[PDB]
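Colleague: Pasting a structure below so you can have a look.
Just so you know, all these numbers are worked out from the coordinates, no wet-lab data involved. Counting neighbours? That spans all protein chains shown, and the Cβs are built from the backbone with ideal geometry, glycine included.
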Amino acid sequence: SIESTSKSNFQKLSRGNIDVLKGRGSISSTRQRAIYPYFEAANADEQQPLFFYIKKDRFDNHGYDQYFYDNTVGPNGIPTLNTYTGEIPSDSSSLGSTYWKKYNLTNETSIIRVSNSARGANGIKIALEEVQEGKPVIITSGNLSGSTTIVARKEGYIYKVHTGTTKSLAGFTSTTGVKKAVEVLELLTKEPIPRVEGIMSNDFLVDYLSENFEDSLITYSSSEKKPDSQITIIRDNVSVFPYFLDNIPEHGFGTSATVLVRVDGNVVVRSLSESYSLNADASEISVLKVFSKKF
């Protein structure tokens, strides 16, 4: 039953088994319920004038943050960063969600959804030690349709940044989007005055992450039509996963979910990125590529 399966899903998750997320699509909901772990968040959005935001505050129940919100979508907009519990991982606000609209992970699972901002990046910083045994945490990126997510670890903290644009600014994500992501990472790493003035590209992102974090994973769209998006350099401490690859899937989406779970006293961190194809009516999904990584 939905109930027994959901309980089983939770038990696996609570033991650090990320297979519970494989091939089941995206976890994405606009719901907002307070969760137990403290985490900091930041935003760097490319509008005129430029905008920056650092939040060292908790997200309460029923109450979006207007600076992590987009009024351009739907009859009343949607949050770009929100927290909620696992009784309902995904809702009708998500198209790449199938399995998660039917089954759940119980209300004992805490979820942090980090989407990109209108023209920039949103990011969070969470200490591994904040995680409690029996209370798994999942940082989800929602449905990726061209945006880039970054998961990185540095001195006991996990950083997750999602950058992109909700408008059709061709080439934005692989250039300005990288600038916004680096600025957010700088803001989250104790640099109140970030100074990124060089040439931006996904390669710059790789180099930056290699130099400033212990290990990282970039989930992005690689296209020959937008060559700034193509990574050409290699760094031992930076993994990359092109969920979109030159008009492939022609119709689909990517996912990026990172789980932090304390198993027998030890906090385990695992990240999973997948690429899916969608049918004409977007009613069914098919997994095409997967990247699994332990941090």
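Colleague: Looking at region 155-214, which of the residues that are over 20 Å from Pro227 (Cβ atoms) and basic (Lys, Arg) is surrounded by the most Cβ atoms within 10 Å (Cβ to Cβ)?
Modeller: So the residue we want is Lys160.
Colleague: Please go through region 132-154 and pick out each residue that is closer than 12 Å to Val269 by Cα, buried (at least 24 other Cβ atoms within 10 Å of the Cβ) and either more than 18 Å from the chain's Cα centre (by Cα) or not β-branched (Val, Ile, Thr) (or both). Explain how you work it out, then say what you get.
Modeller: Going residue by residue through region 132-154, those that are closer than 12 Å to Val269 by Cα are 136-139, 151-153.
Then drop every residue that is not buried (at least 24 other Cβ atoms within 10 Å of the Cβ), which leaves 136-137, 139, 151-152.
Of everything in region 132-154, those that are closer than 12 Å to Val269 by Cα, buried (at least 24 other Cβ atoms within 10 Å of the Cβ) and either more than 18 Å from the chain's Cα centre (by Cα) or not β-branched (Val, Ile, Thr) (or both) turn out to be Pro136, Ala152.
Colleague: Among (1) surrounded by 22 or more Cβ atoms within 10 Å (Cβ to Cβ); (2) polar (S, T, N, Q); (3) closer than 15 Å to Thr166 by Cβ, where does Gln47 come up short?
Modeller: Against the list (1) surrounded by 22 or more Cβ atoms within 10 Å (Cβ to Cβ); (2) polar (S, T, N, Q); (3) closer than 15 Å to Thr166 by Cβ, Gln47 comes up short only on (1).
Colleague: Please go through region 82-114 and give me each residue that is under 19 Å from the mean Cα position of the chain (by Cα), assigned to a loop (DSSP other than H, G, I, E, B) and among the charged types (D, E, K, R), ordered by number.
Modeller: Result: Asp91, single match.
Colleague: Which residues, counting only those in region 210-220, are more than 22 Å from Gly171 (Cβ to Cβ) and either assigned to a helix (DSSP H, G or I) or not aromatic (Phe, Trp, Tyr) (or both)?
Modeller: Of all residues in region 210-220, those more than 22 Å from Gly171 (Cβ to Cβ) come to 210-217.
The answer is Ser210, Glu211, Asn212, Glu214, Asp215, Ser216, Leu217.
Colleague: Next question. When the residues of region 263-281 are narrowed to those that are surrounded by fewer than 23 Cβ atoms within 10 Å (Cβ to Cβ) and touching a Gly at 6+ places or on another chain (Cβ under 8 Å), which ends up nearest to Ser216 (Cα to Cα)?
Modeller: Ranking the qualifying residues of region 263-281, first place goes to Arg270.
Colleague: When you look at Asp281, is it acidic (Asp, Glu), touching a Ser or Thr at 6+ places or on another chain (Cβ under 8 Å) and not in a strand (DSSP E or B), yes or no? I'd like the intermediate steps shown before the answer.
Modeller: Values: acidic (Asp, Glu): yes; touching a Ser or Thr at 6+ places or on another chain (Cβ under 8 Å): no; not in a strand (DSSP E or B): yes.
Answer is no for this residue.
Colleague: Please specify each residue of region 215-226 satisfying the condition of being surrounded by fewer than 22 Cβ atoms within 10 Å (Cβ to Cβ) and either of a type in the set (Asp, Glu) or within 20 Å of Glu40 (Cα to Cα) (or both).
Modeller: Of everything in region 215-226, those that are surrounded by fewer than 22 Cβ atoms within 10 Å (Cβ to Cβ) and either of a type in the set (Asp, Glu) or within 20 Å of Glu40 (Cα to Cα) (or both) turn out to be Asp215, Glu224.
Colleague: For region 1-18, give me the residue count where each residue is touching a helix residue (DSSP H, G or I) at 6+ places or on another chain (Cβ under 6 Å) and among the hydrophobic types (A, V, I, L, M, F, W, C).
Modeller: Here is the first cut: in region 1-18, the residues touching a helix residue (DSSP H, G or I) at 6+ places or on another chain (Cβ under 6 Å) are 9, 12-13.
If we keep only those that are among the hydrophobic types (A, V, I, L, M, F, W, C) as well, we get 13.
Residues meeting the conditions: 1.
Colleague: Then there's this: Return the residues of region 79-94 that are under 24 Å from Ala42 (Cβ atoms) and surrounded by fewer than 18 Cβ atoms within 10 Å (Cβ to Cβ); say none if nothing qualifies.
Modeller: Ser93
Colleague: Among all residue pairs at least 6 apart or on different chains, which show Cβ distances below 6 Å where the first residue, located in region 20-32, is at positive phi and among the small types (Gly, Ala, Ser) and the second is in a strand (DSSP E or B) and surrounded by fewer than 19 Cβ atoms within 10 Å (Cβ to Cβ)?
Modeller: Between residues of region 20-32 that are at positive phi and among the small types (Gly, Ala, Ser) and residues that are in a strand (DSSP E or B) and surrounded by fewer than 19 Cβ atoms within 10 Å (Cβ to Cβ), the close pairs are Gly23/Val287.
Colleague: Here is a further query. Do you know which residues across region 69-81 are assigned to a loop (DSSP other than H, G, I, E, B) and on the phi < 0 side of the Ramachandran plot? I'd like the intermediate steps shown before the answer.
Modeller: Of the residues in region 69-81, the ones assigned to a loop (DSSP other than H, G, I, E, B) are 71-77, 80.
Residues satisfying the conditions are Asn71, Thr72, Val73, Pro75, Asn76, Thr80.
Colleague: Take region 152-194 and flag every residue that is outside any strand (DSSP E or B), among the polar types (S, T, N, Q) and in contact (Cβ under 8 Å) with a residue 24 or more places away in the chain.
Modeller: As a first pass, look at region 152-194 and keep what is outside any strand (DSSP E or B): 155-156, 166-194.
From what is left, the residues that are among the polar types (S, T, N, Q) are 166, 168, 173-176, 189.
Of everything in region 152-194, those that are outside any strand (DSSP E or B), among the polar types (S, T, N, Q) and in contact (Cβ under 8 Å) with a residue 24 or more places away in the chain turn out to be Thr166, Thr173, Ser174, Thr175, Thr176, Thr189.
Colleague: Separate question: If you go through region 9-22 one residue at a time, do you hit one that is more than 22 Å from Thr98 (Cβ to Cβ), among the aromatic types (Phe, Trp, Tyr) and either outside any helix (DSSP H, G or I) or under 21 Å from the mean Cα position of the chain (by Cα) (or both)?
Modeller: No, that holds for no residue.
Colleague: Right, something else. Out of the residues in region 221-272 that are among the polar types (S, T, N, Q), touching a helix residue (DSSP H, G or I) at 6+ places or on another chain (Cβ under 9 Å) and part of a loop (DSSP other than H, G, I, E, B), state the one that is nearest to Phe172 (Cα to Cα).
Modeller: Among residues in region 221-272 that are among the polar types (S, T, N, Q), touching a helix residue (DSSP H, G or I) at 6+ places or on another chain (Cβ under 9 Å) and part of a loop (DSSP other than H, G, I, E, B), the one nearest to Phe172 (Cα to Cα) is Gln230.
Colleague: In addition: Being surrounded by fewer than 18 Cβ atoms within 10 Å (Cβ to Cβ) and either in a strand (DSSP E or B) or in contact (Cβ under 8 Å) with a residue 40 or more places away in the chain (or both) is the filter here, so list the residues in region 54-68 that pass it.
Modeller: Across region 54-68, the qualifying residues are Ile54, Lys55.
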